[PDB]
Ligand SMILES: OC[C@H]1O[C@H](O[C@H]2[C@H](O)[C@@H](O)[C@@H](O)O[C@@H]2CO)[C@H](O)[C@@H](O)[C@@H]1O
């Protein structure tokens, strides 16, 4: 990185030339140079070079990766003023909130749609099941029915989820990282259908993003599956295209994962204030978003005033319809493991390196926590982090620590207030000397924590040294072979 200039990373399928135009307008006004790059494997390179203390000032990606980035301390907390926050749709803010803290600026909502060539297929299929028969007719003309990227699980997920597959189960405001649905009957039905399409030579296992795009834009295939960013290149081509709802599978809608394109600020950037100025006052304005959108369509933008302006576009209506039937992606750190797991399953099943049953069995193992005890610890870490953030807001506003007692003191600073720890025990607040601590458990058989040594290690590693105590004056720290005889934990949320 370099002070006095901004470097921005964004994926190559997005409108980086339009973003560069916003950067030039920024440079005009402020003299600060903005350089937009689009590295390969962007989402993997960032966490290596950021952990280093380098990388871009600003990173763009869908929101699902950002929880991992935040957990690793790679991201600067973002603090938009209330009036700025009011300019963006609340559900897009929700996508970039991680344990009570905003960790990026939301930009736009994307979901996959069915894109079809109206000159080859005046009426698109309503069902996946009728696609083999379409392909047979089209083969007669030297064409094919459908081509889309089979190397990225994002594109095959809508079909996998249709009959019941899911990533992480959501319950009581939290994701369960043990409860993964990649291996149920629904996921198997979806992936089996895909593999049958390939076995019957309706599709090719080697088809990647570039191959599918070239084929559709040259008029060689009647349909593809892609997001709003792709519409630009279809515009430039001679194809008369429509954008519509994904086909149903076994009578149920396809369920694409919904992504919110987001911009995060590198925690090691010496340019955070410049980065904040650029994002809030240049990019996230009608003119800034128009420049990006004119280059490669964003989808349904997060900025209310501009979303209204574009809302009549039938292609955006179709995007929103598919997004409605799908699910918002979790942003939790375990998403990276989920995506690696499903990529491997889809590639191996498609190429014949694993049967469908074997591929998904392995995928469930790869995607889910190793065991329920680890999932319990992740849950308690989530609770702790959320309560901490809430207690910090309480302090800054009252210039007092919360009262020792119920967690309800922090109620209006959270929405989902934690009631009970998954490791056992209830939550209370416990003010001691200069510290506010989260008390877990109350020393009774019915209300107390149990921790294995494995769990104790994980907590210590994940939460850090001198934070977890086993007695109410915060003398004795939790340690590997602690008996936890009294079944109570004290975790410091704030110290002065
Ligand atoms: O395929 C796994 C991949 O899916 C998503 O990535 C999308 C991205 O959200 C879209 O904006 C577009 O760039 O296509 C990508 C897939 O090639 C997840 O966001 C990503 O984390 C995940 O690895």
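What strands (runs of 3 or more DSSP E) lie completely within segment 219-299 and have 2 or more residues being away from the ligand (no atom under 16 Å from the Cβ) and under 27 Å from residue 76 (Cβ atoms)? Walk me through how you get there before you give the answer.
On the way: elements: 221-226, 241-244, 257-265.
Result: empty, no element qualifies.
Can you say whether residue 462 is in contact with a helix residue (DSSP H, G or I) (Cβ under 6 Å, 6 or more places away or on another chain) and surrounded by fewer than 18 Cβ atoms within 10 Å (Cβ to Cβ), as far as the supplied structure shows? Steps first, please.
Working: in contact with a helix residue (DSSP H, G or I) (Cβ under 6 Å, 6 or more places away or on another chain): yes; surrounded by fewer than 18 Cβ atoms within 10 Å (Cβ to Cβ): yes.
Considered against the rule, which asks whether it is in contact with a helix residue (DSSP H, G or I) (Cβ under 6 Å, 6 or more places away or on another chain) and surrounded by fewer than 18 Cβ atoms within 10 Å (Cβ to Cβ), residue 462 comes out as yes.
What pairs can you find where one residue is in segment 200-215 and touching a residue at least 24 places away in the same chain (Cβ under 8 Å) and under 17 Å from residue 351 (Cα atoms), the other is within 16 Å of the ligand (Cβ to nearest atom) and in a helix (DSSP H, G or I), and their Cβ atoms are less than 6 Å apart, with a gap of 6+ or different chains?
Every condition considered, the pairs that remain are 205/350.
Being part of a helix (DSSP H, G or I) and free of Cβ contacts under 8 Å to residues at least 60 places away in the same chain is the filter; apply it to segment 1-28 and report the residue that is farthest from the ligand (Cβ to nearest atom).
Filtering segment 1-28 down to residues part of a helix (DSSP H, G or I) leaves 16-28.
Right, trim to free of Cβ contacts under 8 Å to residues at least 60 places away in the same chain and you get 20, 24, 27-28.
Values: 20: 18, 24: 24, 27: 27, 28: 29 Å.
The selected residue is 28.
Across segment 80-92, which residue is nearest to residue 302 (Cα to Cα) among those that are surrounded by fewer than 19 Cβ atoms within 10 Å (Cβ to Cβ) and touching a strand residue (DSSP E or B) at 6+ places or on another chain (Cβ under 9 Å)?
Initial filter on segment 80-92 (surrounded by fewer than 19 Cβ atoms within 10 Å (Cβ to Cβ)): 80-87, 89-91.
Now drop any that are not touching a strand residue (DSSP E or B) at 6+ places or on another chain (Cβ under 9 Å), which leaves 80, 85, 87, 89, 91.
On the way: 80: 14, 85: 11, 87: 8, 89: 6, 91: 9 Å.
Per the criteria, the residue is 89.
Taking the stated definitions as given, is residue 343 surrounded by fewer than 20 Cβ atoms within 10 Å (Cβ to Cβ) and within 16 Å of the ligand (Cβ to nearest atom)? Before the answer, list the steps.
Working: surrounded by fewer than 20 Cβ atoms within 10 Å (Cβ to Cβ): yes; within 16 Å of the ligand (Cβ to nearest atom): yes.
Considered against the rule, which asks whether it is surrounded by fewer than 20 Cβ atoms within 10 Å (Cβ to Cβ) and within 16 Å of the ligand (Cβ to nearest atom), residue 343 comes out as yes.
Output the residue which, of all residues in segment 357-384 that are surrounded by 22 or more Cβ atoms within 10 Å (Cβ to Cβ) and over 30 Å from residue 493 (Cβ atoms), is nearest to the chain's Cα centre (by Cα).
My answer is 367.
If I go through segment 331-340 residue by residue, how many of them are within 11 Å of the ligand (Cβ to nearest atom) and touching a residue at least 40 places away in the same chain (Cβ under 8 Å)?
Number satisfying all stated conditions: 5.
Among the numbered criteria (1) in contact with a strand residue (DSSP E or B) (Cβ under 9 Å, 6 or more places away or on another chain); (2) crowded, with 17+ Cβ neighbours inside 10 Å; (3) outside any loop (DSSP other than H, G, I, E, B), which one does residue 455 miss?
(1)
Quick test of your reading of the structure: residue 151 fulfils all but one of (1) within 14 Å of the ligand (Cβ to nearest atom); (2) closer than 19 Å to residue 121 by Cβ; (3) surrounded by fewer than 21 Cβ atoms within 10 Å (Cβ to Cβ). Name the failing condition by number.
That leaves (2) as the condition not met.
Is there a residue being over 21 Å from residue 267 (Cβ atoms), surrounded by 16 or more Cβ atoms within 10 Å (Cβ to Cβ) and within 16 Å of the ligand (Cβ to nearest atom) anywhere in segment 42-52? Show your work before the answer.
Within segment 42-52, the subset over 21 Å from residue 267 (Cβ atoms) is none.
No, that holds for no residue.
What is the one condition in (1) more than 16 Å from the ligand (Cβ to nearest atom); (2) in a loop (DSSP other than H, G, I, E, B); (3) in contact with a strand residue (DSSP E or B) (Cβ under 8 Å, 6 or more places away or on another chain) that residue 312 does not satisfy?
(3)
Being away from the ligand (no atom under 13 Å from the Cβ) and either outside any loop (DSSP other than H, G, I, E, B) or at positive phi (or both) is the filter here, so list the residues in segment 203-218 that pass it.
Taking segment 203-218 and keeping what is away from the ligand (no atom under 13 Å from the Cβ), we get 203-207, 211, 214-218.
Across segment 203-218, the qualifying residues are 211, 214, 215, 216, 217.
Can you name the number of the only condition in (1) more than 16 Å from the ligand (Cβ to nearest atom); (2) assigned to a loop (DSSP other than H, G, I, E, B) that residue 135 fails?
The single condition residue 135 does not satisfy is (2).
Can you name the residue in segment 422-451 that is in contact with a helix residue (DSSP H, G or I) (Cβ under 6 Å, 6 or more places away or on another chain) and assigned to a loop (DSSP other than H, G, I, E, B) and, of all such residues, is farthest from residue 178 (Cα to Cα)?
Looking at the filtered set, the residue picked out is 423.
Can you tell me which residues in segment 78-102 are in a loop (DSSP other than H, G, I, E, B) and in contact (Cβ under 8 Å) with a residue 24 or more places away in the chain? Can you show your working first?
Kept after step one, since they are in a loop (DSSP other than H, G, I, E, B), are these residues of segment 78-102: 78-81, 86-87, 89, 96, 99-100.
Scanning segment 78-102 gives 78, 80, 87, 89, 96, 99, 100.
With the structure loaded, tell me whether residue 194 is within 16 Å of the ligand (Cβ to nearest atom), within 25 Å of the chain's Cα centre (by Cα), over 17 Å from residue 257 (Cα atoms) and touching a residue at least 60 places away in the same chain (Cβ under 8 Å) or whether it fails that test.
On the way: within 16 Å of the ligand (Cβ to nearest atom): yes; within 25 Å of the chain's Cα centre (by Cα): yes; over 17 Å from residue 257 (Cα atoms): yes; touching a residue at least 60 places away in the same chain (Cβ under 8 Å): yes.
Taking the combined requirement at face value, the residue satisfies it.
Take segment 154-170 and flag every residue that is away from the ligand (no atom under 16 Å from the Cβ) and part of a helix (DSSP H, G or I). Even if it seems obvious, please write down each step before you answer.
Filtering segment 154-170 down to residues away from the ligand (no atom under 16 Å from the Cβ) leaves 162-164, 169-170.
Passing the criteria: only 162.
Each reported figure results from applying straightforward, stated rules to the coordinates on display, with no laboratory input. Neighbour counts run over all protein chains shown; Cβ positions are idealised from the backbone, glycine included.
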